[PDB]
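Trainee: quick one, what's the 3D model for this:
(3 chains)
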Amino acid sequence: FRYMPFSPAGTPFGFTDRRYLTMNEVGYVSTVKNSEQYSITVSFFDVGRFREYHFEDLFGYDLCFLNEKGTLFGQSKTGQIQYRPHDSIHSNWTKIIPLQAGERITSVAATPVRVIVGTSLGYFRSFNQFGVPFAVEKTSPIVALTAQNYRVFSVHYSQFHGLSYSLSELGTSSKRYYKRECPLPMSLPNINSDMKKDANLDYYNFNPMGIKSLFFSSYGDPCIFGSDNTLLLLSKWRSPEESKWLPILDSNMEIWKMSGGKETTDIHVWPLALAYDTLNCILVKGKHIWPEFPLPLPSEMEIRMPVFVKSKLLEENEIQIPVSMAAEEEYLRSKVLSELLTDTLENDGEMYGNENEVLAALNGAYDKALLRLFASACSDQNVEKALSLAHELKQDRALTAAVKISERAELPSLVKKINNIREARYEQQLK
Amino acid sequence: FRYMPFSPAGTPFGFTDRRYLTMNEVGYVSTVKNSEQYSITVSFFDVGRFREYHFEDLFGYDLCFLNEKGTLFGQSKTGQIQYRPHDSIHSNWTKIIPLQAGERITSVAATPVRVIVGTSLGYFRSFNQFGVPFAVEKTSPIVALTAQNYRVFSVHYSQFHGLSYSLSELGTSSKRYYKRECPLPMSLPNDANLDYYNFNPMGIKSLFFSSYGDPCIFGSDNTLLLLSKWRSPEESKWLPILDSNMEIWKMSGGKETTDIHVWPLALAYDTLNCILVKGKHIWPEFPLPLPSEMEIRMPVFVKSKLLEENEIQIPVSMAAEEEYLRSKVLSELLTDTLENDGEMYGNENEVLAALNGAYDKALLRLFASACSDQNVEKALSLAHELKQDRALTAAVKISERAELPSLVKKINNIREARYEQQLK
Amino acid sequence: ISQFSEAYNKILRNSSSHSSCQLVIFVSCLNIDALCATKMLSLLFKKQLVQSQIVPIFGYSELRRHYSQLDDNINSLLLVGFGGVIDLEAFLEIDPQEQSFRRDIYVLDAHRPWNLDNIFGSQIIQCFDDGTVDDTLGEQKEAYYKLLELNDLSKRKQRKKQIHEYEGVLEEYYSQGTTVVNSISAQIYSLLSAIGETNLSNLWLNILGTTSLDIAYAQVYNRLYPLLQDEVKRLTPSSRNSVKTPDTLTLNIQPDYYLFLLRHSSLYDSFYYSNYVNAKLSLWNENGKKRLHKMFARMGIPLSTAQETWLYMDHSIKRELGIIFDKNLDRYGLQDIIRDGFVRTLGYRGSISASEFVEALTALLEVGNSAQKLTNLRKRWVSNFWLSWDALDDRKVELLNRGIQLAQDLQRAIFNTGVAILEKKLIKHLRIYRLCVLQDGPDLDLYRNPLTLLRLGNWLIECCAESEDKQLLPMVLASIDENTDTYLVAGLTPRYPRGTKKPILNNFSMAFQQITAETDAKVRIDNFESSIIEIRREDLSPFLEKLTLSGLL
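Mentor: Numbering: from 1, shown residues only, chains lettered A, B, ... in the order given. This is the structure:
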């Protein structure tokens, strides 16, 4: 199985002689080939802070990774790498990584204190910001890399194995592992016989794994977005035996609801950045799923839990969702977000300074959405289902509101059951 | 997939009627075919310690393993095994292992207190030194075995997933697992070469344990892998401290032949013992070759840069980077061995003092090159990697000669910070 | 009782000091196989770094004057094949002194009659009893075991008869003829394999001694036809030829003949010992000196290319005899010629097999040099023994051919008189045996040393190896060269024409005890081998009169 050079959010050439090297929340890096060489132009979204520049390439650097401090270039054939800092304090440096026959650089990464270079045979060579070489480590072949200023996240895959994930940190004294080669059940792309004449064959040839984009969240949670169009977020990463992947977004249901129940395929989702509530994307309209020259304006898309029926939405009728049906989806969305925000503040603390107002508003909407399902259970005379819903309340003021819904529904036995929960929580609080 | 009988450091038949059953630091066991039976001849390197002997093979054993107390034989077709101790005090014992339809014994192992027998269906049958059974375990199919003392190290390879390895210890209370089927980073291969591939489907030439407690493996990719920190799963990683291609190229003059391979024998703290085999076949035949020793080198070189600068010779400046990588790995492993297991020979302190002195000396060569190219910032990061207090004093004199007064004061801040932490 | 690895380690620690803790071995020179066993034992004692002392002894009466007079702190005496029949502990008194004794000999006896005291009741005689004979007279568990300790008038009377019942089974036993059942090559080579030392020189050495008994017995080495085969294959040095290596001493197998020393030389003097082979058929001179001239002078035998034609392209003719005697096989059927054999080479310097090689060692032991003449005769045979022991290096080349050219005249010497005593017709079948007395001929000097005499008998036992379907009894000869009629008379064995079913060892040594017990009127048994004694001139005629009536077969 021949490998391919992978980059974050990279697009292939297609039917043109120009393409994008990389793309992220900082900006985008594109190249223009005019019959003999490549012209790399790096443009940013924030014109005020940094200045747009360009240069001529004489080596053909196709691998790139962009962070807040510099730009790293790499060559998959000769093994020559180059790091270019944006500020004028540090000078440029050039070093050539020795590569054997067959072995090629598939993915590169750059942090401000460590340099990560990965190969097709799985050699892990790490360098610092000054160029001092460290110990050489031999592991599984790396096909995908992502980082946000401190850690190394590697994805492994071979011909006699399957997709996995590893989480490590390059400390000052030694390498410490949070997660060591745990299996990742991400679905592989199913190329059929009719795809050989399709116009989207060029995207899968440059990226056989189907990994469109992958990046870390604003609060430190690992995220991945494969070819199955489902956004996966890693929950409970501080505990290796308790780590779980939770799907909180799906593009396949959002396109059908916004288009009025149609079956078109000209609308897609390209992930750029996600800071705990909205995935930034570009609405690409056309046959190709990859962007080209000039980028449209970014839109906002809030996350939604993929829990719907298809036959029930047609009978009840932009497609609109009723009150009663949306209470189940609001309960699932708020429960996942409140648990992750609580563990982040008790272990890492504040990051922006306004986390307490977000947590108070999220916990208030969590108890309010549960009361809508609680009112529906009392109307259908199901006293037993209403008892289990009362135990999921967090705030003490939510238990008082549950009594008033029960008295209005003429259920005196349900009223006394709420008071037993109140006496049990006060006893445990005094221990 | 076909389950072939594997043996440690074994060679196939080829176009001859004789081959090597096993090969290690103790000696080598070979077999000679005659008109009606087989003939097992066991020869040793240390003739003055043990008595050389031989016997006729009536049953036709094809599996063998050698340790410091005896010799174990095994038959893959009938399941009959036989253990023969070198001393005349202990009596021989024969027992038949039950085998199902299509089941063949693929790998055996022996320790002086426990007997390890592995099959193609994954049956784990363990015996003691007298033949009394203790437990029957159902695990993944074992294709390769190696053992020093208590430890059992098995390489697993199933039909669909495959390529994994396990590490365990046969303690007095219960069998403890340090690793539970972790993936192996060994590279699989993509006439002498054709015949060797059929008998050895995974390309594993040899495998053994080091003298300092670390498991070593030598696959088909000719890269010596070193498993460091096996007692802790948080920091357990493989370290390729030796690259075959680089060592042959530098010593020969700057060329690269094909017929000169490196067969591994043993590793005892300074060099890798080997046999220089010259010819078309990759397996040795019968002459008596002299044992050689190759100095350990980190595989960090460029190919185009060595041709421009010209046995191929490496310059001073380029060798300082390779010397820094080699000394850093060896000093960390020797420090953890002495603080947990203690001394083994009695001269570990002189080796550690000489290694730490060469580590700080090699870093100063890269430190001098950074000052010559006016890179003050790169020189600051190199000063933090020094261990000895006398190395910090020598860094001041290199900085004053290079006319950098700001770099001099930065070395003194590191000295004051280490003295404060030492008094806490 | 002596496991083979045990005595070696036990004799190691008893004398391994760097002083005069000298262990000393003894060997007879009167046997070829006695030599080659000892040579391989010495060299491993060199590379096990121990001090030693080697003394030959040719005479059985000499043993007192070589041991029992010169001893200081020798704890470890060693001996090769001397006392299977006569008990040395009765021959030499050793009082029990210091159960965990102070000086312990071993023994490496190769003979069939044993001595019960030397295995049972062992306190200084640590004999080699391992898996040699598992049936060491297995009925003996009550005969001497009740001889050791020996109303009762009717009870002890029966008990004396049980002793007398034990007496007869010790009377028929200790009354058997002797051979060597198993060569001393077989034992010590098996011992070294239990230690495990791989050298082809050893494998070249051990096969020499068993090759020597090819002319004394038949089925002893017929058991060793596998044990020659497995070792040359298990100690395979090479699969290829790997040519033009002057070293490495390659071992192979090639066919070979009773017609001997051919690869060394002389298809010329084969003409004599082709007629030896026709002396095995029906003649000694008559028809053959016509009959040989169908099969031989077919090619005139050259001077220069005969270094090449009967060295190399006689392989066209060995093939031709190979395609002559295949059509002399269903018709002639005389199978004394084709033989499997064994060979070795030196890289260069010609191919030399082991058939002819034992022949040079016999003749070179022979020639190559009151009571005042026997001393100056006995000092010769020890000395000329000594120049044969160093024949096993590469360093002897131009002395190796010296015995070779010596051998192909000695047979021409011995056949010169054998044809005389036939034509004299002085062989007389009296009643039991045939008697011949070589009273005087020419060249009587080559009959003092007894190693020629068994060969003369070996030629003479085969003149009477026709059908002879009654009276298969060998002869007794007589000759004299020196004063007082010493007369080294000897006996032979009867022979089989490749058909041993009957147990024919010897009857004479039983009678040799009788005549020696009668009058002691100048009879001597001072020579070592019991098949040779001496007699006086006026005693040989009453010798036979005592023998023609004493039928002890």
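
Trainee: quick check: which element contains residue C:245?
Mentor: Here residue C:245 is covered by no helix or strand, with elements defined by DSSP states H and E.

Trainee: could you do residue A:179 as well?
Mentor: Per DSSP H and E: strand A:175-183 holds residue A:179.

Trainee: what residues does stretch C:239-256 touch?
Mentor: Residues from elsewhere that reach stretch C:239-256 (CB atoms under 8 Å, 6 or more residues apart in numbering or on different chains): B:16-18, B:285, C:200-201, C:203-204, C:232, C:235, C:237-238, C:262, C:318, C:322, C:338-348, C:353, C:355. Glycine gets a C-beta too; all of them are placed from N, C-alpha and C.

Trainee: list the buried residues of that stretch.
Mentor: C:249, C:250, C:251, C:256 (16 or more other CB atoms under 10 Å in any protein chain shown).

Trainee: let me know how buried residue 383 is, in neighbour terms.
Mentor: Assuming you mean chain A. 14 (other CB atoms under 10 Å in any protein chain shown).

Trainee: correction: the question concerned chain C.
Mentor: By other CB under 10 Å, the burial measure for residue C:383, its neighbour count, is 12.

Trainee: and the contacts of stretch C:239-256, which are buried?
Mentor: Among these, the ones that count as buried by 16+ other CB under 10 Å are B:18, B:285, C:200, C:203-204, C:232, C:235, C:262, C:318, C:338, C:342-344, C:353, C:355.

Trainee: can you list the domains in the chain?
Mentor: Because you didn't say which chain, this covers chain A. A:1-307, A:308-431 (CATH domains of a matching chain).

Trainee: please refer instead to chain C.
Mentor: According to CATH domains of a matching chain, the ranges for chain C are C:1-237, C:264-334, C:353-553.

Trainee: now those domains in TSV, with distance to chain A?
Mentor: Converted to TSV, the domains of chain C look like this (distance: least, CB to the nearest CB, whole Å):
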stretch	distance to chain A
domain C:1-237	41
domain C:264-334	55
domain C:353-553	53
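
Trainee: of these, which is nearest residue B:266?
Mentor: With distances scored as CB to CB, the stretch of the domains of chain C nearest to residue B:266 is domain C:1-237 (22.5 Å).

Trainee: chain center to that closest one: distance?
Mentor: 16 Å (CA atoms, centre = their mean, to the nearest Å).

Trainee: any part of it near chain B?
Mentor: Yes. For domain C:1-237, a contact with chain B is found by CB under 8 Å from any CB of the partner chain, at C:3, C:5, C:193-198, C:229-230, C:233-237.

Trainee: span of that domain from start to end?
Mentor: Across its full length, domain C:1-237 reaches 36 Å between end residues, using CA to CA, to the nearest Å.

Trainee: before we move on, what about stretch C:275-294?
Mentor: 13 Å.

Trainee: which residues touch that stretch?
Mentor: C:258-259, C:271, C:274, C:334, C:336-337, C:419, C:422, C:459, C:462-463, C:465-466.

Trainee: for stretch A:412-429, same thing?
Mentor: A:378, A:383, A:386, A:387, A:390, A:391, A:396, A:399, A:402, A:403, A:406, A:407.

Trainee: now the end-to-end length of stretch C:16-28.
Mentor: Stretch C:16-28 has an end-to-end distance of 26 Å (criterion: CA to CA).

Trainee: what residues does chain A put near chain B?
Mentor: Residues of chain A lying near chain B (CB under 8 Å from any CB): A:90-91, A:96, A:98, A:100, A:121-123, A:128-140, A:156, A:160-161, A:174-177, A:180-181.

Trainee: out of these, which sit inside strands?
Mentor: Among those, the ones falling in strands (DSSP state E) are A:96, A:123, A:128, A:137, A:138, A:156, A:175, A:176, A:177, A:180, A:181.

Trainee: looking at these, spot the one nearest residue C:475.
Mentor: Closest to residue C:475, out of all of these and judged by CB to CB, is residue A:138, at 87.9 Å.

Trainee: that closest one contacts residue A:124, doesn't it?
Mentor: Yes. When contacts are counted by CB atoms under 8 Å, residue A:138 is listed as touching residue A:124 (7.2 Å).

Trainee: name the SS class of residue A:115, please.
Mentor: In terms of secondary structure, residue A:115 is strand; the call rests on DSSP: H, G, I helix; E, B strand; the rest coil.

Trainee: need the nearest residue in space to it, chain neighbours excluded.
Mentor: residue A:127 (3.9 Å; CB to CB, 6 or more residues apart in numbering or on different chains).

Trainee: quick one: contacts for that neighbour?
Mentor: Here residue A:127 is in contact with A:114, A:115, A:117, A:133, A:134 (CB under 8 Å, 6+ apart).

Trainee: for it, name its beta-bridge partners.
Mentor: Beta-bridge pairing for residue A:127 (DSSP bridges): residue A:115, residue A:133.

Trainee: quick check: it vs residue A:21, distance?
Mentor: 21 Å (CB to CB, to the nearest Å).

Trainee: ok, now residue A:102?
Mentor: For residue A:102, the distance to residue A:21 - CB to CB - is 24 Å.

Trainee: follow-up on the earlier one: would you turn the contacts of stretch C:275-294 into JSON lines with neighbour count?
Mentor: Converted to JSON lines, those look like this (neighbours: other CB atoms under 10 Å in any protein chain shown):
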{"residue": "C:258", "neighbour count": "15"}
{"residue": "C:259", "neighbour count": "16"}
{"residue": "C:271", "neighbour count": "17"}
{"residue": "C:274", "neighbour count": "20"}
{"residue": "C:334", "neighbour count": "16"}
{"residue": "C:336", "neighbour count": "13"}
{"residue": "C:337", "neighbour count": "17"}
{"residue": "C:419", "neighbour count": "13"}
{"residue": "C:422", "neighbour count": "14"}
{"residue": "C:459", "neighbour count": "17"}
{"residue": "C:462", "neighbour count": "16"}
{"residue": "C:463", "neighbour count": "17"}
{"residue": "C:465", "neighbour count": "16"}
{"residue": "C:466", "neighbour count": "13"}
